Visitor: 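Once you've had a glance at the structure underneath, I'll fire off some questions.
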Amino acid sequence: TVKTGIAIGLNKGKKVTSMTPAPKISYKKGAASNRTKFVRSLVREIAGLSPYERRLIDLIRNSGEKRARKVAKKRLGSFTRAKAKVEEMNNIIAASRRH
Amino acid sequence: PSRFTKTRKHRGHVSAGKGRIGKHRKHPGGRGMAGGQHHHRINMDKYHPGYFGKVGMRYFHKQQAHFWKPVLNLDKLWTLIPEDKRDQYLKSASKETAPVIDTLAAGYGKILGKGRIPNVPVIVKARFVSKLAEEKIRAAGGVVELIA
Amino acid sequence: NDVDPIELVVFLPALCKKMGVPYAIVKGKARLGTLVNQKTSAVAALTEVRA
Amino acid sequence: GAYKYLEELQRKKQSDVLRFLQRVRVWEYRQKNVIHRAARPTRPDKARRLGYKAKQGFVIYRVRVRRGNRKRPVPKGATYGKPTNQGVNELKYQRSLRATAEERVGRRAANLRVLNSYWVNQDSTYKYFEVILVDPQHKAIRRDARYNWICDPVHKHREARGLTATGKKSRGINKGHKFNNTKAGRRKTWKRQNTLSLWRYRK
Amino acid sequence: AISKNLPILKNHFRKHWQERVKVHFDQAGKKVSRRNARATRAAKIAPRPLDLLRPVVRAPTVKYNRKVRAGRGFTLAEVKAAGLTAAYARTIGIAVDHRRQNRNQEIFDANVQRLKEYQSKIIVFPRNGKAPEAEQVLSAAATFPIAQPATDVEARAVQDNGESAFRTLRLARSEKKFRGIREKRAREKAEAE
RNA sequence: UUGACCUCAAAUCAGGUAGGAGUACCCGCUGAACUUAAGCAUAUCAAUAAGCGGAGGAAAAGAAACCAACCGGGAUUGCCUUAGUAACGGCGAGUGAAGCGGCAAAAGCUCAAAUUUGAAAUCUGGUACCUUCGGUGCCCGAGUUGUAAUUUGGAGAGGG
RNA sequence: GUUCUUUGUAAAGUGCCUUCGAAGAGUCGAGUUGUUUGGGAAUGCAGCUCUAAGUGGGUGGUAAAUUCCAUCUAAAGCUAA
Ligand SMILES: [K+]
Ligand SMILES: [K+]
Ligand SMILES: [Mg+2]
Ligand SMILES: [Mg+2]
Ligand SMILES: [Mg+2]
Ligand SMILES: [Mg+2]
Ligand SMILES: [Mg+2]
Ligand SMILES: [Mg+2]
Ligand SMILES: [Mg+2]
Ligand SMILES: [Mg+2]
Ligand SMILES: [Mg+2]
Ligand SMILES: [Mg+2]
Ligand SMILES: [Mg+2]
Ligand SMILES: [Mg+2]
Ligand SMILES: [Mg+2]
Ligand SMILES: [Mg+2]
Ligand SMILES: [Mg+2]
Ligand SMILES: [Mg+2]
Ligand SMILES: [Mg+2]
Ligand SMILES: [Mg+2]
Ligand SMILES: [Mg+2]
Ligand SMILES: [Mg+2]
Ligand SMILES: [Mg+2]
Ligand SMILES: [Mg+2]
């Protein structure tokens, strides 16, 4: 990431003395927050799975993670959300009776 | 001003210089660029070849600052040196204490090699340089220093 | 047991179970309000009690 | 506190508990009047998030708005123009149902100021909203400098002028290249871009 | 209406453009009004230079990155290094910008230095004192002008090492162009069965 | 049987508030066609006229879920530019911004989400007195389904 | 400028170490439809259907998968010139 000093090429740009400014408290907007982790776990206990989450668990158990990811991409917006939802569903499956 | 216009002279002449047979009507050929392909095709093909159709590829959200690179030819290469010091650098053309020229500070991105420079070493700082420009600078005994 | 928007207290049994806090679903937010000198309270807690 | 639990639970709208509550509450709201005063917020955490406080001068109104497109009100579907404007049945009313809800609520309670609103329920025919309103004449609001800004006359019918959250959303009031058409006002930007500026010494 | 050999014009006057024509007849009146407003603002505010001290800042977009200019406000790091708090600087006439960040030691040092010069060249009056008239100067920007940093010396010795700067640029461009394909080739050549 | 609570009502109940006008400028909704394309349907006129709702002395916007790709800028607005350009378009007629740069003016901020829990510390109203754009005392009431203080991401909080 | 006032062992700011650091949901986002935009495999807006997450989310002007990077912090609010 150190500049090469010339106006073309991979790390193009002027060589300057870097500083590494202090980290903003933003960029931590989606942080861990034990409080919210506890609350989310408790709410997941109180309210169970959505119908599509139950269907995704059934698909993971029977027809495979690829089919589950396809159905999750159809249900949710995008492929990344589908992957995250399938990972959460199979974590739920693991944390269920088949520990 | 109005008093020097031909319409003052056309007072008293019925057609105002616009003809009796083909008068001054509203839009006898259509408005604007109408008929450039149909009844103004001759005036389009002549004096405007290439007008119709597409010719290359598109560029969404093009920023000209990305392509900002003003070119300075070697033929000047010295107007960037102030006139007061120009003579004393032209004399005493020494490889040591050669004048340093910041072309980027002068406001140029690339140095081109059109002209020929006197046989005086000059340290040229540029973002980009043409091959012949650099060759002539080294022949004159200077060097090109790449900057950003 | 009669909190009109029930979401305010539905998690309370599960939270009490998770933290090991004894809880009773009792009759009357008005009764808890009489406990705490309010019209209604919807909850009442004992943390420290005399010997 | 309990508001974080309310917030997280409210996001599980297709869970069994929230489905049951949705059914019961949508039936009750459909039984009540189209616009009716709500004694308290149905979602108190959401009301706090949107600015509501449990003090005198804060008012909640529940409102029912018909769902779907905006059919062109032309008689017999005749538009009397070019085919590009013959559309009747697939026109979308470039303003939100939430905006309609709070506009009707403001018209009803013209003495109050619409502070905010939030979705609470929906069926096929209706969408249900709760509108948070402030009494600018109440002394509890005229004092309490955190809220007496809404007592200024410049905030009359902000829901009618699109100055609430849904109003700014519908007007497209956001920063960035995606909102070049609507950043300082769509019509204002159009006027600026279609104004011919001539100086004394012409440029 | 395509006449004899003339350039194709693009005059956009097909709307009701005469409904929106702004002739700046009030250029002189507005200049007088701006001068009056500046005079009354200078009189109204305490002896104070009619604007806040602004930091030195590097322009983006290489068309302009060669030059330095006044920025919005000093960063929190710059204020702390100059020895003030942001709240106090905002009240003693320093623009503070929480958004700008310091990644360039030269610019950071220059801003800290001009903050120190500002503190040395201003007099903060006591809240409950005598406060003699201090001969208000109208421009902190004029008091502390922004200087373009000097990069090199007027004359220097030639240090040609046979580098062929043109070849250097060509090779850097080619290395950037083929970096991904060479990385992919290395990955498939280090397969190790 | 009595006393609450919740919800919902009534009163020429105590005190208030809204309507309507103006509408040059402003914030939105709705919304054409004449016209141009030498015809004409997409397009253009025009996100305009007409219609409707809502303000002020300005309005709106506004302190980045911004711009950028830099050696990085740093709320919003406006002017000069960018630029009749990138781009859109029976790629026809036509249309058409934005970053940077100079300048005018500059100003920054606050809620929700925190247990005050050794003390609802908060507030409307009535009443009495007073030095009355209000204060003090008392009394109801609001409020624990949360009113104060404390914190707003630039941070900040709890301990030492 | 001057006088009664004295606020208050009340409020605020700053260094060091430690543990933390709550940050907005039928919302973002996606599909489709209509409208609109210079925004072009879709600029904003709106209807309907689906509907998130928290080392997340949005953006990075060619759709997609994979891997990085950069930059901000939406779905709440006030503010003079
Ligand atoms: K003729
Ligand atoms: K019509
Ligand atoms: Mg004659
Ligand atoms: Mg004649
Ligand atoms: Mg009440
Ligand atoms: Mg409808
Ligand atoms: Mg009465
Ligand atoms: Mg006409
Ligand atoms: Mg025609
Ligand atoms: Mg004709
Ligand atoms: Mg005709
Ligand atoms: Mg009109
Ligand atoms: Mg008025
Ligand atoms: Mg003004
Ligand atoms: Mg305003
Ligand atoms: Mg902020
Ligand atoms: Mg800006
Ligand atoms: Mg030009
Ligand atoms: Mg147009
Ligand atoms: Mg504090
Ligand atoms: Mg937020
Ligand atoms: Mg429309
Ligand atoms: Mg890209
Ligand atoms: Mg505002």
Side-chain angles (χ1 to χ4, degrees), chain A residues 13-14 16 24-26 29-31 33 35-36 75-78 81 84, chain B residues 27 29-35 37 54 58-63 65, chain C residues 3-5 8 29-30 33-34 36 38-42, chain D residues 1 3-4 7 10-11 13 39-40 44 48-51 53-56 68-69 81-85 87 90-96 110-111 116 119 137-140 149 153-154 156-157 160-162 165 170-173 175-182 184-185 188 190 193, chain E residues 10 12 14-16 34 57-65 71-72 76 85 97-100 104:
Chain A
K14 184 143 188 298
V16 118
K24 300 168 90 191
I25 178 60
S26 284
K29 173 91 169 242
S33 180
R35 186 200 220 90
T36 88
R75 289 273 68 73
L76 313 167
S78 35
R81 300 187 180 203
Chain B
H27 285 95
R31 290 215 200 204
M33 287 279 294
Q37 281 190 326
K54 304 175 187 186
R58 287 163 313 166
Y59 191 147
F60 309 139
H61 188 50
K62 193 172 186 183
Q63 305 184 63
Chain C
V3 179
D4 217 308
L8 292 150
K29 60 189 187 196
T34 61
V36 304
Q38 306 284 342
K39 284 190 286 184
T40 74
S41 171
Chain D
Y3 301 129
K4 64 167 127 153
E7 196 230 22
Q10 174 71 19
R11 298 178 174 185
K13 288 195 180 58
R40 65 196 49 246
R48 317 185 60 70
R49 280 193 284 283
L50 297 176
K53 293 289 197 221
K55 41 198 288 173
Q56 295 165 334
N69 301 333
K82 293 173 178 164
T84 182
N85 296 312
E90 298 188 311
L91 321 171
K92 314 282 168 167
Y93 186 41
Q94 325 229 31
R95 207 145 137 71
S96 173
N111 70 305
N116 249 307
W119 176 100
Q137 280 81 43
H138 206 293
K139 283 306 151 66
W149 63 265
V154 87
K156 288 174 190 170
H157 284 298
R161 292 177 295 141
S170 291
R171 291 163 57 214
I173 306 295
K175 287 169 149 153
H177 67 281
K178 302 182 132 8
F179 307 92
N180 281 345
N181 283 303
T182 74
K188 187 209 212 174
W190 181 85
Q193 290 162 346
Chain E
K10 284 181 94 177
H12 295 38
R14 293 176 138 79
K15 307 171 183 191
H16 293 65
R34 275 190 312 268
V57 159
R58 276 271 166 202
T61 80
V62 302
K63 170 162 186 182
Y64 295 107
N65 73 342
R72 189 206 168 73
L76 311 178
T85 68
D97 180 25
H98 67 265
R99 289 176 289 266
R100 192 164 60 90
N104 188 3

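Each chain gets a letter, A, B and so on, in the order its sequence line appears, and its residues count up from 1.
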Visitor: Return the value, rounded to whole Å, for the distance between atom OH of B:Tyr59 and atom P of F:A83.
Guide: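 Roughly 14 Å, once rounded to whole Å.
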Visitor: Describe the nucleic acid contact of D:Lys82 in one word from base, sugar-phosphate, nothing, applying a heavy-atom distance below 4.0 Å.
Guide: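 D:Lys82: base contact, heavy atoms under 4.0 Å.
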Visitor: Over all strands shown, is B:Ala65 touching base, sugar-phosphate only, or nothing at heavy-atom distances under 4.0 angstrom?
Guide: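 The residue B:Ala65 makes no contact with any strand.
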Visitor: Hey, which of these two, D:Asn180 or A:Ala84, hits RNA chain G nearer its 5' end, going by closest nucleotide?
Guide: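 Counting from the 5' end, the first nearest nucleotide belongs to D:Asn180.
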Visitor: On RNA chain G, does the nearest nucleotide to A:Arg81 precede the nearest nucleotide to D:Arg95 from the 5' side, or the other way round? Give the residue.
Guide: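 Per heavy-atom nearest nucleotide, the more 5' residue is A:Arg81.
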Visitor: Does the side-chain ring of B:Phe60 lie flat on the base of G:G40, meaning centres under 5.5 Å and planes less than 30 degrees apart?
Guide: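 Answer is yes, a stack.
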Visitor: Using only modelled atom types and a 3.5 angstrom limit, is any donor from either the side chain of E:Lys63 or the base of F:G99 paired with an acceptor on the other?
Guide: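 Absent.
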Visitor: If you look at every strand shown and take non-hydrogen atoms under 4.0 Å, does D:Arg40 touch a base, only sugar-phosphate, or nothing?
Guide: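 Base contact - D:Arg40 has a heavy atom under 4.0 Å of at least one base atom.
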Visitor: Classify D:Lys156 by what it touches in the nucleic acid, base, sugar-phosphate, or nothing, heavy-atom distance under 4.0 Å.
Guide: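 Touches sugar-phosphate only.
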Visitor: Hey, is D:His157 stacking on F:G54? Ring centres under 5.5 Å, planes under 30°.
Guide: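 Stacking is absent between F:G54 and D:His157, given that the ring centres and planes do not meet under 5.5 Å and under 30°.
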Visitor: Any base atoms under 4.0 Å from D:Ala110, or only sugar-phosphate, or nothing? Heavy atoms, all strands.
Guide: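 Sugar-phosphate, backbone atoms only, no base.
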Visitor: If you check every side-chain atom of A:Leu76, which of G:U51, F:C45, F:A59 has the closest atom?
Guide: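 Among G:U51, F:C45, F:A59, the one nearest the side chain of A:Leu76 is G:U51.
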Visitor: Take atom NE2 of D:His138 and atom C1' of F:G15, then tell me their distance rounded to the nearest Å.
Guide: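 One finds 10 Å between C1' of F:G15 and NE2 of D:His138, rounded.
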Visitor: Taking the minimum atom-to-atom distance to the side chain of D:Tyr93, which one of F:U124, F:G153, F:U30 wins?
Guide: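 Among F:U124, F:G153, F:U30, the one nearest the side chain of D:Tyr93 is F:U30.
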Visitor: Provide the distance between the two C1' atoms, one in G:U37 and one in F:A47, to the nearest whole Å.
Guide: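 Comparing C1' positions in G:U37 and F:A47 gives a spacing of 9 Å.
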Visitor: Once you round it to whole Å, what is the distance between P of F:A65 and CD1 of D:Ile173?
Guide: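 Whole-Å distance recorded here is 13 Å.
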